[PDB]
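Containing CSV, N, CA, C and O atoms and all ligand atoms: run31.csv.
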chain,number,residue,atom,x,y,z
A,1,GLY,N,-29.9,-4.5,16.0
A,1,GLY,CA,-29.2,-5.3,17.1
A,1,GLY,C,-27.9,-5.9,16.7
A,1,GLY,O,-27.7,-7.1,16.8
A,2,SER,N,-27.0,-5.1,16.1
A,2,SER,CA,-25.7,-5.7,15.6
A,2,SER,C,-24.8,-5.9,16.8
A,2,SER,O,-24.9,-5.3,17.9
A,3,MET,N,-23.9,-6.8,16.7
A,3,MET,CA,-22.9,-7.1,17.8
A,3,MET,C,-22.4,-5.7,18.3
A,3,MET,O,-22.5,-4.7,17.7
A,4,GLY,N,-21.7,-5.8,19.5
A,4,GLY,CA,-21.2,-4.5,20.0
A,4,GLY,C,-20.2,-4.8,21.2
A,4,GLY,O,-20.3,-4.2,22.3
A,5,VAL,N,-19.4,-5.8,21.1
A,5,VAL,CA,-18.5,-6.2,22.2
A,5,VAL,C,-17.2,-6.8,21.6
A,5,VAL,O,-17.3,-7.7,20.8
A,6,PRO,N,-16.1,-6.4,22.1
A,6,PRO,CA,-14.8,-6.9,21.6
A,6,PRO,C,-14.6,-8.3,22.3
A,6,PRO,O,-15.2,-8.6,23.2
A,7,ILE,N,-13.7,-9.0,21.8
A,7,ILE,CA,-13.4,-10.4,22.4
A,7,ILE,C,-11.9,-10.6,22.5
A,7,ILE,O,-11.2,-10.5,21.5
A,8,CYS,N,-11.5,-10.8,23.7
A,8,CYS,CA,-10.0,-11.0,23.9
A,8,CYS,C,-9.5,-12.2,23.1
A,8,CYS,O,-9.9,-13.3,23.4
A,9,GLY,N,-8.6,-11.9,22.2
A,9,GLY,CA,-8.1,-13.0,21.4
A,9,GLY,C,-7.3,-14.0,22.3
A,9,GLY,O,-6.8,-15.0,21.9
A,10,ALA,N,-7.2,-13.7,23.6
A,10,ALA,CA,-6.5,-14.6,24.5
A,10,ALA,C,-7.4,-15.7,25.0
A,10,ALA,O,-7.1,-16.9,25.0
A,11,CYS,N,-8.6,-15.4,25.4
A,11,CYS,CA,-9.6,-16.4,25.9
A,11,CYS,C,-10.8,-16.4,25.0
A,11,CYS,O,-11.8,-17.1,25.2
A,12,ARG,N,-10.8,-15.6,23.9
A,12,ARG,CA,-11.9,-15.6,23.0
A,12,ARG,C,-13.2,-15.3,23.8
A,12,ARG,O,-14.2,-15.8,23.6
A,13,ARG,N,-13.1,-14.4,24.8
A,13,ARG,CA,-14.2,-14.0,25.6
A,13,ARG,C,-14.6,-12.5,25.4
A,13,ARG,O,-13.7,-11.7,25.2
A,14,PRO,N,-15.8,-12.2,25.4
A,14,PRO,CA,-16.3,-10.8,25.1
A,14,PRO,C,-15.6,-9.9,26.1
A,14,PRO,O,-15.9,-9.9,27.3
A,15,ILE,N,-14.8,-9.0,25.6
A,15,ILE,CA,-14.1,-8.0,26.6
A,15,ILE,C,-15.2,-7.0,27.0
A,15,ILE,O,-16.2,-6.8,26.4
A,16,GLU,N,-14.9,-6.3,28.1
A,16,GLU,CA,-16.0,-5.4,28.6
A,16,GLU,C,-15.3,-4.4,29.6
A,16,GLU,O,-15.7,-4.3,30.8
A,17,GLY,N,-14.4,-3.6,29.2
A,17,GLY,CA,-13.7,-2.6,30.1
A,17,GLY,C,-12.7,-1.8,29.2
A,17,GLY,O,-13.1,-1.0,28.4
A,18,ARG,N,-11.5,-2.2,29.3
A,18,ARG,CA,-10.4,-1.5,28.5
A,18,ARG,C,-9.9,-2.5,27.5
A,18,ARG,O,-9.4,-3.6,28.0
A,19,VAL,N,-10.0,-2.3,26.3
A,19,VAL,CA,-9.5,-3.3,25.3
A,19,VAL,C,-8.2,-3.0,24.7
A,19,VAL,O,-7.7,-1.8,24.8
A,20,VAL,N,-7.5,-3.9,24.2
A,20,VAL,CA,-6.1,-3.7,23.6
A,20,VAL,C,-6.2,-4.2,22.2
A,20,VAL,O,-6.4,-5.3,21.9
A,21,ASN,N,-6.0,-3.3,21.3
A,21,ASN,CA,-6.1,-3.7,19.8
A,21,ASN,C,-4.7,-4.1,19.3
A,21,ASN,O,-3.8,-3.2,19.1
A,22,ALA,N,-4.5,-5.4,19.2
A,22,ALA,CA,-3.1,-5.8,18.7
A,22,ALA,C,-3.3,-7.0,17.8
A,22,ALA,O,-4.4,-7.7,17.8
A,23,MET,N,-2.4,-7.3,17.0
A,23,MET,CA,-2.5,-8.5,16.1
A,23,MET,C,-3.8,-8.3,15.2
A,23,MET,O,-4.3,-9.2,14.6
A,24,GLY,N,-4.2,-7.1,15.2
A,24,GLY,CA,-5.4,-6.7,14.4
A,24,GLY,C,-6.6,-7.4,15.1
A,24,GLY,O,-7.6,-7.7,14.5
A,25,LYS,N,-6.5,-7.5,16.4
A,25,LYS,CA,-7.6,-8.2,17.2
A,25,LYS,C,-7.9,-7.3,18.4
A,25,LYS,O,-7.6,-6.1,18.5
A,26,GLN,N,-8.4,-7.9,19.5
A,26,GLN,CA,-8.7,-7.2,20.7
A,26,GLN,C,-8.2,-8.1,21.9
A,26,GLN,O,-8.3,-9.3,21.8
A,27,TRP,N,-7.7,-7.5,22.9
A,27,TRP,CA,-7.2,-8.4,24.0
A,27,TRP,C,-7.5,-7.8,25.4
A,27,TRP,O,-7.4,-6.6,25.6
A,28,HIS,N,-7.9,-8.6,26.3
A,28,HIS,CA,-8.1,-8.0,27.7
A,28,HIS,C,-6.9,-7.3,28.1
A,28,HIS,O,-5.8,-7.8,28.0
A,29,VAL,N,-7.0,-6.1,28.6
A,29,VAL,CA,-5.8,-5.4,29.0
A,29,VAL,C,-5.0,-6.3,30.0
A,29,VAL,O,-3.9,-6.0,30.3
A,30,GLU,N,-5.7,-7.3,30.5
A,30,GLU,CA,-5.0,-8.2,31.5
A,30,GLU,C,-4.4,-9.4,30.8
A,30,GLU,O,-3.5,-10.0,31.3
A,31,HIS,N,-5.0,-9.8,29.7
A,31,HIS,CA,-4.5,-11.0,29.0
A,31,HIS,C,-3.5,-10.6,27.9
A,31,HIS,O,-2.8,-11.5,27.3
A,32,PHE,N,-3.4,-9.4,27.6
A,32,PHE,CA,-2.4,-9.0,26.5
A,32,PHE,C,-1.0,-9.0,27.1
A,32,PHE,O,-0.7,-8.1,27.9
A,33,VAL,N,-0.2,-10.0,26.8
A,33,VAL,CA,1.1,-10.1,27.4
A,33,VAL,C,2.2,-10.4,26.4
A,33,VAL,O,1.9,-10.6,25.2
A,34,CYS,N,3.4,-10.4,26.8
A,34,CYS,CA,4.5,-10.7,25.9
A,34,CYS,C,4.4,-12.1,25.4
A,34,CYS,O,3.8,-13.0,26.0
A,35,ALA,N,4.8,-12.4,24.2
A,35,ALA,CA,4.7,-13.7,23.6
A,35,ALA,C,6.0,-14.5,23.9
A,35,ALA,O,6.3,-15.4,23.2
A,36,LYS,N,6.6,-14.2,25.0
A,36,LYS,CA,7.9,-15.0,25.4
A,36,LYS,C,7.9,-15.3,26.9
A,36,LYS,O,8.4,-16.3,27.4
A,37,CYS,N,7.3,-14.4,27.7
A,37,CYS,CA,7.3,-14.6,29.2
A,37,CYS,C,5.9,-14.4,29.7
A,37,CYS,O,5.6,-14.8,30.8
A,38,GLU,N,5.0,-13.9,28.9
A,38,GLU,CA,3.6,-13.7,29.4
A,38,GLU,C,3.5,-12.6,30.5
A,38,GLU,O,2.9,-12.8,31.5
A,39,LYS,N,4.1,-11.5,30.2
A,39,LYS,CA,4.1,-10.4,31.2
A,39,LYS,C,3.0,-9.4,30.7
A,39,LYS,O,3.3,-8.7,29.7
A,40,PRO,N,1.9,-9.3,31.3
A,40,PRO,CA,0.8,-8.4,30.9
A,40,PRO,C,1.2,-6.9,31.1
A,40,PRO,O,1.7,-6.5,32.1
A,41,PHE,N,0.8,-6.1,30.1
A,41,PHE,CA,1.1,-4.7,30.2
A,41,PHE,C,-0.1,-3.9,30.7
A,41,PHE,O,-0.7,-3.1,30.1
A,42,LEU,N,-0.6,-4.3,31.9
A,42,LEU,CA,-1.8,-3.7,32.4
A,42,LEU,C,-1.8,-2.2,32.1
A,42,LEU,O,-2.7,-1.6,31.5
A,43,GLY,N,-0.7,-1.5,32.5
A,43,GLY,CA,-0.5,-0.1,32.3
A,43,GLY,C,0.9,0.2,31.8
A,43,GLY,O,1.5,1.2,32.0
A,44,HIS,N,1.5,-0.8,31.1
A,44,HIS,CA,2.9,-0.6,30.6
A,44,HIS,C,2.9,-0.6,29.1
A,44,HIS,O,1.9,-0.8,28.4
A,45,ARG,N,4.0,-0.4,28.5
A,45,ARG,CA,4.1,-0.4,27.0
A,45,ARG,C,4.5,-1.9,26.5
A,45,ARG,O,5.2,-2.6,27.1
A,46,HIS,N,4.0,-2.3,25.4
A,46,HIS,CA,4.3,-3.6,24.8
A,46,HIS,C,5.0,-3.5,23.5
A,46,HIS,O,5.2,-2.4,22.9
A,47,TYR,N,5.6,-4.6,23.0
A,47,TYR,CA,6.4,-4.5,21.8
A,47,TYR,C,5.9,-5.7,20.9
A,47,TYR,O,5.6,-6.8,21.3
A,48,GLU,N,5.7,-5.5,19.6
A,48,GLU,CA,5.2,-6.5,18.7
A,48,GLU,C,6.3,-7.1,17.8
A,48,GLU,O,7.2,-6.3,17.4
A,49,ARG,N,6.2,-8.3,17.4
A,49,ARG,CA,7.3,-8.9,16.5
A,49,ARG,C,6.7,-10.1,15.7
A,49,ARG,O,6.1,-11.0,16.3
A,50,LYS,N,6.9,-10.0,14.4
A,50,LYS,CA,6.4,-11.1,13.6
A,50,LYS,C,4.9,-11.3,13.8
A,50,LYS,O,4.3,-12.4,13.6
A,51,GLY,N,4.2,-10.3,14.4
A,51,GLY,CA,2.8,-10.5,14.7
A,51,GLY,C,2.6,-11.1,16.0
A,51,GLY,O,1.6,-11.8,16.3
A,52,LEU,N,3.5,-10.9,16.9
A,52,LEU,CA,3.4,-11.4,18.3
A,52,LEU,C,3.9,-10.4,19.3
A,52,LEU,O,4.9,-9.7,19.0
A,53,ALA,N,3.3,-10.3,20.4
A,53,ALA,CA,3.7,-9.3,21.5
A,53,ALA,C,5.0,-9.8,22.2
A,53,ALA,O,5.3,-10.9,22.3
A,54,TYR,N,5.8,-8.8,22.6
A,54,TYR,CA,7.0,-9.2,23.3
A,54,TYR,C,7.4,-8.1,24.3
A,54,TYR,O,7.2,-6.9,24.0
A,55,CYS,N,7.8,-8.4,25.5
A,55,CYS,CA,8.2,-7.3,26.4
A,55,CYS,C,9.2,-6.4,25.7
A,55,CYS,O,9.7,-6.7,24.6
A,56,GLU,N,9.6,-5.3,26.4
A,56,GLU,CA,10.7,-4.4,25.8
A,56,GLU,C,12.0,-5.2,25.6
A,56,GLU,O,12.7,-5.0,24.7
A,57,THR,N,12.3,-6.1,26.6
A,57,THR,CA,13.5,-6.8,26.5
A,57,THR,C,13.4,-8.1,25.7
A,57,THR,O,14.3,-8.4,24.9
A,58,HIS,N,12.3,-8.8,25.8
A,58,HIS,CA,12.2,-10.1,25.0
A,58,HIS,C,12.0,-9.7,23.6
A,58,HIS,O,12.7,-10.2,22.7
A,59,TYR,N,11.2,-8.7,23.3
A,59,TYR,CA,11.1,-8.2,21.9
A,59,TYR,C,12.5,-8.0,21.4
A,59,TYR,O,12.9,-8.6,20.4
A,60,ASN,N,13.2,-7.2,22.1
A,60,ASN,CA,14.6,-6.9,21.6
A,60,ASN,C,15.4,-8.2,21.7
A,60,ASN,O,16.2,-8.5,20.8
A,61,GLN,N,15.3,-8.9,22.8
A,61,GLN,CA,16.1,-10.1,23.0
A,61,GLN,C,15.8,-11.0,21.7
A,61,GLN,O,16.6,-11.7,21.2
A,62,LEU,N,14.6,-10.9,21.3
A,62,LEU,CA,14.1,-11.6,20.1
A,62,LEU,C,14.6,-10.9,18.8
A,62,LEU,O,15.0,-11.5,17.8
A,63,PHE,N,14.7,-9.6,18.9
A,63,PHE,CA,15.1,-8.8,17.7
A,63,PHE,C,15.6,-7.4,18.1
A,63,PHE,O,16.8,-7.2,18.2
A,64,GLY,N,14.6,-6.5,18.2
A,64,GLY,CA,15.0,-5.1,18.6
A,64,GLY,C,15.3,-4.3,17.4
A,64,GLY,O,16.1,-3.4,17.4
A,65,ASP,N,14.6,-4.6,16.3
A,65,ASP,CA,14.9,-3.8,15.1
A,65,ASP,C,16.4,-3.7,14.8
A,65,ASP,O,16.9,-2.6,14.6
A,66,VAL,N,17.1,-4.8,14.8
A,66,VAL,CA,18.6,-4.8,14.6
A,66,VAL,C,19.1,-6.2,14.3
A,66,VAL,O,18.5,-7.1,14.7
B,101,ZN,ZN,-9.0,-12.3,27.7
B,102,ZN,ZN,8.3,-10.7,27.7

For this file, write the structure as structure tokens.
Ligand SMILES: [Zn+2]
Ligand SMILES: [Zn+2]
Amino acid sequence: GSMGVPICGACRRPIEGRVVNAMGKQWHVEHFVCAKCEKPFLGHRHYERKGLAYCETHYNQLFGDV
């Protein structure tokens, strides 16, 4: 009877549908958002920076590998 459920690092709640593995954790596909505007990537692409998510523009606005 070992555990068997991811937990959204956003609300620390047991996820149960589609999980997002980021920050070396798990996030509700609905709570995984940019770390600057909070825009969830339900079905979009996200960007990571310093260990934090960022939209395509905020990530870049924040850095953009440049
Ligand atoms: Zn969550
Ligand atoms: Zn953003």

_All residues 6 Å or closer to residue 15 (chain A), all atoms listed in the file, same chain fewer than 2 positions away omitted, as number ranges by chain_ = A: 5-8, 13, 17

*Residues at most 8 Å from residue 58 (chain A), counting all atoms listed in the file, excluding those fewer than 2 positions away in the same chain, as a ChimeraX atom specification?*
/A:34-37,47,53-56,60-64

Using N, CA, C and O atoms, can you write the selected residues to a file as a compact mmCIF listing (two decimals), keeping the file's coordinate frame?
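Output below, filename selection_5.txt:
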# COMPACT_ATOMS: atom_id res chain seq x y z
N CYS A 34 3.40 -10.40 26.80
CA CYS A 34 4.50 -10.70 25.90
C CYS A 34 4.40 -12.10 25.40
O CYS A 34 3.80 -13.00 26.00
N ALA A 35 4.80 -12.40 24.20
CA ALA A 35 4.70 -13.70 23.60
C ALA A 35 6.00 -14.50 23.90
O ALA A 35 6.30 -15.40 23.20
N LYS A 36 6.60 -14.20 25.00
CA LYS A 36 7.90 -15.00 25.40
C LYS A 36 7.90 -15.30 26.90
O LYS A 36 8.40 -16.30 27.40
N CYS A 37 7.30 -14.40 27.70
CA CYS A 37 7.30 -14.60 29.20
C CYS A 37 5.90 -14.40 29.70
O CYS A 37 5.60 -14.80 30.80
N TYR A 47 5.60 -4.60 23.00
CA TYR A 47 6.40 -4.50 21.80
C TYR A 47 5.90 -5.70 20.90
O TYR A 47 5.60 -6.80 21.30
N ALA A 53 3.30 -10.30 20.40
CA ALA A 53 3.70 -9.30 21.50
C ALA A 53 5.00 -9.80 22.20
O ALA A 53 5.30 -10.90 22.30
N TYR A 54 5.80 -8.80 22.60
CA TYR A 54 7.00 -9.20 23.30
C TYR A 54 7.40 -8.10 24.30
O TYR A 54 7.20 -6.90 24.00
N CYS A 55 7.80 -8.40 25.50
CA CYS A 55 8.20 -7.30 26.40
C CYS A 55 9.20 -6.40 25.70
O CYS A 55 9.70 -6.70 24.60
N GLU A 56 9.60 -5.30 26.40
CA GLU A 56 10.70 -4.40 25.80
C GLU A 56 12.00 -5.20 25.60
O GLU A 56 12.70 -5.00 24.70
N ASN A 60 13.20 -7.20 22.10
CA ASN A 60 14.60 -6.90 21.60
C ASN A 60 15.40 -8.20 21.70
O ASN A 60 16.20 -8.50 20.80
N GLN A 61 15.30 -8.90 22.80
CA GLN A 61 16.10 -10.10 23.00
C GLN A 61 15.80 -11.00 21.70
O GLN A 61 16.60 -11.70 21.20
N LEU A 62 14.60 -10.90 21.30
CA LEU A 62 14.10 -11.60 20.10
C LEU A 62 14.60 -10.90 18.80
O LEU A 62 15.00 -11.50 17.80
N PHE A 63 14.70 -9.60 18.90
CA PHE A 63 15.10 -8.80 17.70
C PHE A 63 15.60 -7.40 18.10
O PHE A 63 16.80 -7.20 18.20
N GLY A 64 14.60 -6.50 18.20
CA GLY A 64 15.00 -5.10 18.60
C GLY A 64 15.30 -4.30 17.40
O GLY A 64 16.10 -3.40 17.40

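Our summary of the geometry notes that CA of residue 32 (chain A) is positioned 23.1 Å from atom N of residue 66 (chain A).
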
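Closest approach to residue 24 (chain A) among A:38, A:1, A:51, A:11: A:51, based on all atoms listed in the file.
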
_Please compute the atom N of residue 31 (chain A)-atom N of residue 65 (chain A) distance, one decimal, in Å._
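If I compute the distance from atom N of residue 31 (chain A) to atom N of residue 65 (chain A), I get 24.3 Å.
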
*Measure the distance from atom C of residue 44 (chain A) to atom C of residue 26 (chain A) in Å and round it to one decimal.*
15.2 Å

*How would you write, as a PyMOL selection string, the set of residues in chain A that DSSP gives as strand (DSSP E or B)?*
chain A and resi 7-8+13-14+19-20+26-28+33+40+47-49+52-54

What residues have an atom no more than 8 Å from (-6.4, -4.9, 36.1) in the file's own frame, counting all atoms listed in the file, and can you write them as an mmCIF file with N, CA, C and O atoms, keeping the file's coordinate frame?
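Okay, this is what ended up in point-v3.cif:
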data_model
loop_
_atom_site.group_PDB
_atom_site.id
_atom_site.type_symbol
_atom_site.label_atom_id
_atom_site.label_comp_id
_atom_site.auth_asym_id
_atom_site.auth_seq_id
_atom_site.Cartn_x
_atom_site.Cartn_y
_atom_site.Cartn_z
ATOM 1 N N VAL A 29 -7.000 -6.100 28.600
ATOM 2 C CA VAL A 29 -5.800 -5.400 29.000
ATOM 3 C C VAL A 29 -5.000 -6.300 30.000
ATOM 4 O O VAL A 29 -3.900 -6.000 30.300
ATOM 5 N N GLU A 30 -5.700 -7.300 30.500
ATOM 6 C CA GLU A 30 -5.000 -8.200 31.500
ATOM 7 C C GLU A 30 -4.400 -9.400 30.800
ATOM 8 O O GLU A 30 -3.500 -10.000 31.300
ATOM 9 N N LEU A 42 -0.600 -4.300 31.900
ATOM 10 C CA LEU A 42 -1.800 -3.700 32.400
ATOM 11 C C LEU A 42 -1.800 -2.200 32.100
ATOM 12 O O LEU A 42 -2.700 -1.600 31.500
ATOM 13 N N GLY A 43 -0.700 -1.500 32.500
ATOM 14 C CA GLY A 43 -0.500 -0.100 32.300
ATOM 15 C C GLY A 43 0.900 0.200 31.800
ATOM 16 O O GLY A 43 1.500 1.200 32.000
#
